[PDB]
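Here's structure-v2.cif, which has mmCIF, N, CA and C atoms:
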data_start
#
loop_
_atom_site.label_atom_id
_atom_site.label_comp_id
_atom_site.auth_asym_id
_atom_site.auth_seq_id
_atom_site.Cartn_x
_atom_site.Cartn_y
_atom_site.Cartn_z
N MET A 1 -47.97 -8.90 -65.48
CA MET A 1 -49.04 -9.88 -65.45
C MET A 1 -50.03 -9.69 -66.60
N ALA A 2 -51.00 -8.77 -66.48
CA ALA A 2 -51.74 -8.32 -67.67
C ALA A 2 -52.49 -7.01 -67.45
N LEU A 3 -52.17 -6.22 -66.43
CA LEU A 3 -53.19 -5.93 -65.42
C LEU A 3 -54.61 -5.64 -65.91
N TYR A 4 -54.90 -4.44 -66.42
CA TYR A 4 -56.30 -4.12 -66.69
C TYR A 4 -56.58 -3.11 -67.79
N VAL A 5 -55.73 -2.93 -68.80
CA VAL A 5 -55.91 -1.87 -69.79
C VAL A 5 -57.33 -1.85 -70.34
N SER A 6 -57.98 -0.69 -70.26
CA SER A 6 -59.37 -0.54 -70.68
C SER A 6 -59.47 -0.47 -72.21
N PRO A 7 -60.63 -0.84 -72.78
CA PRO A 7 -60.77 -0.78 -74.25
C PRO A 7 -61.04 0.62 -74.78
N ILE A 8 -60.36 1.62 -74.22
CA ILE A 8 -60.39 2.97 -74.76
C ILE A 8 -59.01 3.56 -74.95
N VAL A 9 -57.98 3.04 -74.29
CA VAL A 9 -56.62 3.55 -74.37
C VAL A 9 -55.74 2.50 -75.03
N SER A 10 -54.68 2.95 -75.69
CA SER A 10 -53.78 2.04 -76.39
C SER A 10 -53.09 1.09 -75.42
N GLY A 11 -52.63 1.61 -74.29
CA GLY A 11 -51.90 0.83 -73.31
C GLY A 11 -50.40 0.97 -73.48
N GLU A 12 -49.68 0.27 -72.61
CA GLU A 12 -48.23 0.30 -72.59
C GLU A 12 -47.67 -0.90 -73.34
N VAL A 13 -46.41 -0.79 -73.77
CA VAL A 13 -45.73 -1.82 -74.54
C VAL A 13 -44.67 -2.45 -73.65
N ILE A 14 -44.71 -3.78 -73.54
CA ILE A 14 -43.82 -4.52 -72.64
C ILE A 14 -42.47 -4.73 -73.30
N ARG A 15 -41.41 -4.59 -72.51
CA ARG A 15 -40.06 -4.99 -72.91
C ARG A 15 -40.06 -6.52 -72.90
N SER A 16 -39.61 -7.14 -74.00
CA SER A 16 -39.94 -8.55 -74.19
C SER A 16 -39.37 -9.45 -73.10
N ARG A 17 -38.05 -9.71 -73.12
CA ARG A 17 -37.21 -10.38 -72.11
C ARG A 17 -35.76 -10.47 -72.56
N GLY A 18 -34.90 -10.99 -71.68
CA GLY A 18 -33.62 -11.55 -72.08
C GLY A 18 -32.38 -10.73 -71.82
N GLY A 19 -31.22 -11.40 -71.82
CA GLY A 19 -29.92 -10.76 -71.71
C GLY A 19 -29.17 -11.05 -70.43
N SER A 20 -28.24 -12.00 -70.47
CA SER A 20 -27.35 -12.28 -69.34
C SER A 20 -26.20 -13.13 -69.84
N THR A 21 -24.97 -12.62 -69.72
CA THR A 21 -23.79 -13.35 -70.15
C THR A 21 -22.72 -13.28 -69.06
N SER A 22 -21.72 -14.15 -69.18
CA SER A 22 -20.64 -14.24 -68.21
C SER A 22 -19.48 -15.02 -68.81
N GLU A 23 -18.33 -14.94 -68.15
CA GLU A 23 -17.09 -15.57 -68.61
C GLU A 23 -16.40 -16.27 -67.44
N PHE A 24 -15.78 -17.42 -67.72
CA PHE A 24 -15.17 -18.27 -66.70
C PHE A 24 -13.82 -18.80 -67.17
N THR A 25 -12.94 -17.93 -67.64
CA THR A 25 -11.90 -18.40 -68.55
C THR A 25 -10.84 -19.36 -68.00
N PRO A 26 -9.90 -18.91 -67.14
CA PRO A 26 -8.57 -19.53 -67.18
C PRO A 26 -8.40 -20.97 -66.68
N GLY A 27 -8.50 -21.20 -65.37
CA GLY A 27 -8.16 -22.50 -64.79
C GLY A 27 -6.69 -22.85 -64.94
N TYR A 28 -6.13 -23.68 -64.05
CA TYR A 28 -4.89 -24.43 -64.31
C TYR A 28 -4.49 -25.22 -63.07
N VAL A 29 -3.61 -26.21 -63.28
CA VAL A 29 -2.98 -26.99 -62.21
C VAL A 29 -1.81 -27.77 -62.78
N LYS A 30 -0.72 -27.92 -62.00
CA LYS A 30 0.44 -28.69 -62.47
C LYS A 30 1.30 -29.21 -61.32
N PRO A 31 1.11 -30.46 -60.88
CA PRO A 31 1.94 -31.01 -59.80
C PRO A 31 3.28 -31.58 -60.24
N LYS A 32 4.30 -30.74 -60.40
CA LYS A 32 5.65 -31.26 -60.62
C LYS A 32 6.20 -31.85 -59.33
N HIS A 33 6.95 -32.95 -59.46
CA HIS A 33 7.61 -33.55 -58.30
C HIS A 33 8.86 -34.27 -58.78
N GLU A 34 9.79 -34.50 -57.86
CA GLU A 34 11.14 -34.96 -58.16
C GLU A 34 11.31 -36.45 -57.89
N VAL A 35 12.21 -37.07 -58.65
CA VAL A 35 12.52 -38.48 -58.51
C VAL A 35 13.65 -38.73 -57.50
N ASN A 36 14.53 -37.75 -57.27
CA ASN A 36 15.60 -37.84 -56.28
C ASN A 36 16.52 -39.01 -56.60
N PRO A 37 17.38 -38.89 -57.62
CA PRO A 37 18.18 -40.05 -58.06
C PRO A 37 19.08 -40.63 -56.99
N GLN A 38 19.46 -39.86 -55.97
CA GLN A 38 20.30 -40.38 -54.90
C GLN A 38 19.49 -41.03 -53.78
N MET A 39 18.16 -41.04 -53.89
CA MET A 39 17.31 -41.71 -52.91
C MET A 39 17.29 -43.22 -53.08
N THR A 40 17.69 -43.73 -54.24
CA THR A 40 17.62 -45.16 -54.53
C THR A 40 18.79 -45.94 -53.96
N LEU A 41 19.78 -45.27 -53.36
CA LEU A 41 20.91 -45.99 -52.78
C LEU A 41 20.51 -46.74 -51.52
N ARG A 42 19.77 -46.09 -50.62
CA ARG A 42 19.38 -46.69 -49.36
C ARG A 42 18.20 -47.63 -49.66
N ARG A 43 17.74 -48.38 -48.66
CA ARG A 43 16.67 -49.34 -48.81
C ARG A 43 15.33 -48.67 -48.55
N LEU A 44 14.36 -48.93 -49.42
CA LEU A 44 13.01 -48.42 -49.23
C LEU A 44 12.35 -49.13 -48.05
N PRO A 45 11.27 -48.57 -47.51
CA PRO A 45 10.52 -49.30 -46.47
C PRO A 45 10.00 -50.65 -46.93
N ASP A 46 9.73 -50.81 -48.23
CA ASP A 46 9.43 -52.10 -48.83
C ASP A 46 10.73 -52.85 -49.10
N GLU A 47 10.67 -53.90 -49.93
CA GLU A 47 11.86 -54.61 -50.41
C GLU A 47 12.63 -55.23 -49.24
N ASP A 48 11.99 -56.23 -48.63
CA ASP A 48 12.48 -57.00 -47.49
C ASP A 48 13.98 -57.27 -47.56
N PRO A 49 14.71 -57.03 -46.46
CA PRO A 49 16.17 -57.18 -46.51
C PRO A 49 16.64 -58.61 -46.73
N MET B 1 -10.93 -109.73 -2.91
CA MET B 1 -10.97 -110.97 -3.67
C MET B 1 -12.26 -111.04 -4.47
N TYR B 2 -13.34 -111.47 -3.81
CA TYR B 2 -14.66 -111.51 -4.44
C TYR B 2 -15.22 -110.10 -4.47
N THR B 3 -15.05 -109.42 -5.60
CA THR B 3 -15.50 -108.05 -5.77
C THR B 3 -16.67 -107.91 -6.73
N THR B 4 -16.55 -108.44 -7.94
CA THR B 4 -17.61 -108.42 -8.94
C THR B 4 -18.06 -106.98 -9.23
N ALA B 5 -17.14 -106.22 -9.81
CA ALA B 5 -17.37 -104.83 -10.14
C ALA B 5 -17.63 -104.68 -11.64
N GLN B 6 -18.70 -103.97 -11.98
CA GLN B 6 -19.05 -103.68 -13.36
C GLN B 6 -18.96 -102.17 -13.59
N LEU B 7 -18.24 -101.78 -14.64
CA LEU B 7 -18.01 -100.37 -14.94
C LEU B 7 -19.01 -99.90 -15.99
N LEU B 8 -19.67 -98.78 -15.72
CA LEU B 8 -20.61 -98.16 -16.63
C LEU B 8 -19.90 -97.06 -17.43
N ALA B 9 -20.67 -96.23 -18.11
CA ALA B 9 -20.12 -95.20 -18.97
C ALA B 9 -19.25 -94.22 -18.18
N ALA B 10 -18.38 -93.51 -18.90
CA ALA B 10 -17.45 -92.56 -18.31
C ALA B 10 -17.86 -91.14 -18.67
N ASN B 11 -17.02 -90.20 -18.30
CA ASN B 11 -17.26 -88.79 -18.56
C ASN B 11 -16.25 -88.26 -19.56
N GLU B 12 -16.46 -87.01 -19.96
CA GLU B 12 -15.66 -86.37 -21.00
C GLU B 12 -14.84 -85.20 -20.46
N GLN B 13 -15.51 -84.14 -20.01
CA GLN B 13 -14.87 -82.95 -19.43
C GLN B 13 -13.77 -82.38 -20.33
N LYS B 14 -14.18 -81.81 -21.46
CA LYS B 14 -13.31 -80.91 -22.22
C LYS B 14 -13.68 -79.45 -21.96
N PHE B 15 -12.79 -78.56 -22.40
CA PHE B 15 -12.93 -77.13 -22.18
C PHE B 15 -14.02 -76.52 -23.05
N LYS B 16 -14.44 -75.32 -22.67
CA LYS B 16 -15.21 -74.44 -23.53
C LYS B 16 -14.23 -73.47 -24.18
N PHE B 17 -13.47 -73.99 -25.15
CA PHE B 17 -12.34 -73.26 -25.72
C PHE B 17 -12.47 -73.24 -27.24
N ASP B 18 -12.87 -72.09 -27.78
CA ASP B 18 -12.93 -71.87 -29.22
C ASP B 18 -12.24 -70.54 -29.50
N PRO B 19 -11.26 -70.50 -30.41
CA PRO B 19 -10.42 -69.30 -30.54
C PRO B 19 -11.17 -68.03 -30.90
N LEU B 20 -11.81 -68.01 -32.08
CA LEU B 20 -12.49 -66.84 -32.64
C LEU B 20 -11.48 -65.78 -33.08
N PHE B 21 -10.21 -65.95 -32.74
CA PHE B 21 -9.18 -64.98 -33.08
C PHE B 21 -8.11 -65.52 -34.00
N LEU B 22 -7.79 -66.81 -33.90
CA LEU B 22 -6.97 -67.48 -34.90
C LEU B 22 -7.77 -67.85 -36.14
N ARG B 23 -9.02 -67.39 -36.22
CA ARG B 23 -9.92 -67.72 -37.32
C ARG B 23 -10.57 -66.50 -37.95
N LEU B 24 -10.60 -65.35 -37.27
CA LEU B 24 -11.23 -64.14 -37.78
C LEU B 24 -10.24 -63.12 -38.30
N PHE B 25 -9.19 -62.81 -37.54
CA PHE B 25 -8.24 -61.77 -37.92
C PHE B 25 -6.87 -62.30 -38.28
N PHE B 26 -6.47 -63.45 -37.75
CA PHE B 26 -5.12 -63.99 -37.93
C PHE B 26 -5.10 -65.14 -38.94
N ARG B 27 -5.86 -65.00 -40.03
CA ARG B 27 -6.03 -66.10 -40.97
C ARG B 27 -4.73 -66.47 -41.68
N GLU B 28 -3.80 -65.53 -41.80
CA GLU B 28 -2.59 -65.72 -42.60
C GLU B 28 -1.41 -66.03 -41.70
N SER B 29 -0.63 -67.05 -42.07
CA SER B 29 0.49 -67.53 -41.27
C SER B 29 1.77 -67.53 -42.09
N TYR B 30 2.88 -67.19 -41.44
CA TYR B 30 4.21 -67.22 -42.06
C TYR B 30 5.22 -67.83 -41.10
N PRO B 31 6.21 -68.55 -41.62
CA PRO B 31 7.35 -68.97 -40.80
C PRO B 31 8.44 -67.91 -40.83
N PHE B 32 9.54 -68.20 -40.14
CA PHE B 32 10.71 -67.32 -40.12
C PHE B 32 11.93 -68.01 -40.72
N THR B 33 12.86 -67.17 -41.16
CA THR B 33 14.20 -67.59 -41.50
C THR B 33 15.23 -66.66 -40.86
N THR B 34 14.79 -65.53 -40.32
CA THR B 34 15.63 -64.50 -39.73
C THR B 34 15.46 -64.53 -38.21
N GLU B 35 16.10 -63.57 -37.54
CA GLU B 35 15.99 -63.43 -36.09
C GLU B 35 15.00 -62.34 -35.69
N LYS B 36 15.22 -61.12 -36.16
CA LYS B 36 14.29 -60.03 -35.90
C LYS B 36 13.25 -59.96 -37.02
N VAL B 37 12.20 -59.18 -36.78
CA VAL B 37 11.18 -58.93 -37.79
C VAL B 37 10.79 -57.46 -37.77
N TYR B 38 10.81 -56.82 -38.94
CA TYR B 38 10.31 -55.46 -39.04
C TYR B 38 8.84 -55.46 -39.42
N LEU B 39 8.18 -54.33 -39.17
CA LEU B 39 6.80 -54.12 -39.60
C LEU B 39 6.69 -52.67 -40.04
N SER B 40 6.92 -52.42 -41.33
CA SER B 40 6.91 -51.07 -41.85
C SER B 40 5.51 -50.66 -42.30
N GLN B 41 5.24 -49.36 -42.21
CA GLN B 41 3.99 -48.80 -42.70
C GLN B 41 4.28 -47.41 -43.23
N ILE B 42 3.93 -47.17 -44.49
CA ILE B 42 4.20 -45.87 -45.12
C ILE B 42 3.04 -44.93 -44.81
N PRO B 43 3.31 -43.75 -44.27
CA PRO B 43 2.24 -42.77 -44.03
C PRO B 43 1.83 -42.11 -45.34
N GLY B 44 0.67 -42.51 -45.86
CA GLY B 44 0.22 -42.00 -47.13
C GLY B 44 -0.56 -40.71 -46.99
N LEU B 45 0.11 -39.58 -47.21
CA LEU B 45 -0.49 -38.26 -47.05
C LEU B 45 0.06 -37.39 -48.18
N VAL B 46 -0.68 -37.33 -49.29
CA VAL B 46 -0.26 -36.48 -50.40
C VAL B 46 -0.52 -35.02 -50.05
N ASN B 47 0.02 -34.13 -50.87
CA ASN B 47 -0.19 -32.71 -50.68
C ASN B 47 -1.06 -32.17 -51.82
#

Translate this structure into structure tokens?
Amino acid sequence: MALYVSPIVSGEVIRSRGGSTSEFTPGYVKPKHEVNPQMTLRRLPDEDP
Amino acid sequence: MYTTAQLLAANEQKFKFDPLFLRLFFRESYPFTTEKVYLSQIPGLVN
């Protein structure tokens, strides 16, 4: 804060401030999915008969 | 024989009948050409 150093002593020296780092590197996602080429033979729920 | 009858106004008597259902939810109409009818619905639930 400041507290009260008297005008007869030098006083203490404050450490200024600062210093904080961090890392958040990798991440990933990959939704592979199949087309199923033999699924197209039968009738889909759509595509009215 | 001697009757001398004069007819005045008549009555109406229609129903209190208004659909509210053929006009709110069933707005779309289709005819048929087949015998049976399917009603498919795909369950949409991705992973």

Rows by chain and residue number, chain B within 8 Å of chain A, shortest pair, only N, CA and C atoms, as CSV:
residue,atom,partner,partner_atom,distance
B:39,C,A:45,C,7.9
B:40,CA,A:45,C,6.0
B:41,N,A:45,CA,6.8
B:42,N,A:45,CA,7.2

Quote the spacing between atom C of residue 30 of chain B and atom C of residue 42 of chain A in Å to one decimal place.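 Pair atom C of residue 30 of chain B / atom C of residue 42 of chain A returns 25.5 Å.
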
Atom C of residue 3 of chain A to atom CA of residue 19 of chain A, straight-line distance in Å: 25.9 Å

Give the helix (DSSP H, G or I) residues of chain A, as DSSP finds them on the backbone, and put them as a ChimeraX atom specification. /A:37-40

Go ahead and compute the interatomic distance for atom CA of residue 43 of chain B and atom C of residue 31 of chain B, in Å to one decimal.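 About the pair atom CA of residue 43 of chain B and atom C of residue 31 of chain B: they are 26.1 Å apart.
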
To box segment 1-11 of chain A, take all atoms listed in the file, fit an axis-aligned box, add 4 Å on each side, and give centre and edge lengths in Å to one decimal, as lines of an AutoDock Vina configuration file.
center_x = -54.5
center_y = -3.2
center_z = -70.9
size_x = 21.1
size_y = 21.4
size_z = 19.0
